[PDB]
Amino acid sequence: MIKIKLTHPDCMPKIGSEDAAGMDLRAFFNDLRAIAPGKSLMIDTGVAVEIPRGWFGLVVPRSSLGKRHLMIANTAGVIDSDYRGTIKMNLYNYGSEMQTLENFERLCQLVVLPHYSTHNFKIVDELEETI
């Protein structure tokens, strides 16, 4: 079970069908968020999560953001299972015109994925051949 702390009930991510890979995180701010071409603004979501250990949160743009020429500055967010702040979406305008955000509009998908333990490795001199 994932658990979710909402800074405000309207921050609640849009949940889809059972088959949905992700839930949509919403913008959360108290002033104008106007991302100029070639600039980025860190947009809070007002959603803080405990993602269970062994998993992590992948944050990517909603498909609607393609026509808006917004990307996450760091390409994709990676929310570790010990991260306790609210998720932030550092959104960059790679397009040619102003992008304005409406408070609570759904912007990014959060998909929770399993990951191999980063402790489970060994250093070696030679890798096994697959030529």
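Position 1 is the first residue in the sequence shown; the rest follow in order.
- Higher mean CA temperature factor, per the PDB entry, when comparing 40-48 with 58-66: 40-48.
- A summary of the deposited B-factors shows that, of 9-17 and 114-122, the stretch with the larger mean C-alpha value is 9-17.
- When the CA B factors of the chain's modelled residues are split into thirds, the value for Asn90 lands in the lowest one.
- In this PDB entry, the Cα temperature factor of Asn30 sits in the top third of its chain's modelled residues, the highest group.
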